[PDB]
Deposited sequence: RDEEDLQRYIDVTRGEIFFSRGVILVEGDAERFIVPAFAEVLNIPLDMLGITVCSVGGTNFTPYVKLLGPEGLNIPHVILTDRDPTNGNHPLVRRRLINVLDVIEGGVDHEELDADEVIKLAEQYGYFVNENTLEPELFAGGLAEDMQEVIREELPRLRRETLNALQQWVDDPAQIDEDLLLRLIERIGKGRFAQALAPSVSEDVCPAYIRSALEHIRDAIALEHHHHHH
């Protein structure tokens, strides 16, 4: 599925459907542009940067990953060792590695996708999906849910992810996609979308 002009590398199935939804409401048409969202099924991006980098197919691509408080430092040294020659990156600290990696379109999200979405403006639509998909939730759990809608700081993050993972991370994102709007888009996701869009448009411009 790689007759692609570009590739967006994501960790799992939630981003594989959330990121295309956010691209539409940002008017970045990924399919029209020939851009694939490819889930790497975890946090190892190195085989895929090898594949798309200069010593592979040399195809424009971006990375979207979580900070994980961090593991992201080694995760990004690994891809930077590929895309940046035999340059040494060992002497940089995590922050230095994160800001270097942005030049190549690799963006780090602090915290994690679904909680961030629930705090930052999608709380009430997520509760709605959760209840359509888990219709016989105990009343103790429905109330904890409403406790977080009323106040996205009362959030039990582990339970939220427990429910979503029970629904299915891909399936839950597919059902929340109709709800995303431009102003609730996380910044790292907008940065990756713009970076891959720029690189494709810069090619057409010569």
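Absence of C-alpha coordinates is noted for several segments of the deposited sequence, namely 1 to 16, 86 to 90, 228 to 230.
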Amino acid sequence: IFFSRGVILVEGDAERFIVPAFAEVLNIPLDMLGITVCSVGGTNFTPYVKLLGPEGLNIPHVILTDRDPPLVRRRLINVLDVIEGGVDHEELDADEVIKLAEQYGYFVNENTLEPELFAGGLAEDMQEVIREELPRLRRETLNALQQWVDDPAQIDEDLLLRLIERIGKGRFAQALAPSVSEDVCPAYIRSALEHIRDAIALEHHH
From here on, numbers count along this sequence of modelled residues.
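Comparing 140 to 148 with 165 to 173, the stretch with the higher mean C-alpha B-factor in the PDB entry is 140 to 148. Per-stretch averaging of Cα B factors for 131 to 139 and 100 to 108 places 131 to 139 on top. The PDB entry assigns the greatest CA B-factor among 180, 155, 33, 51 to 155.
Per the PDB entry, 69 shows the highest C-alpha temperature factor of the residues 69, 29, 47, 56. Residue 8: CA B factor in the lowest third of modelled residues in this chain (values from the PDB entry). Sort the modelled residues of the chain by CA B factor and residue 199 lands in the lowest third.
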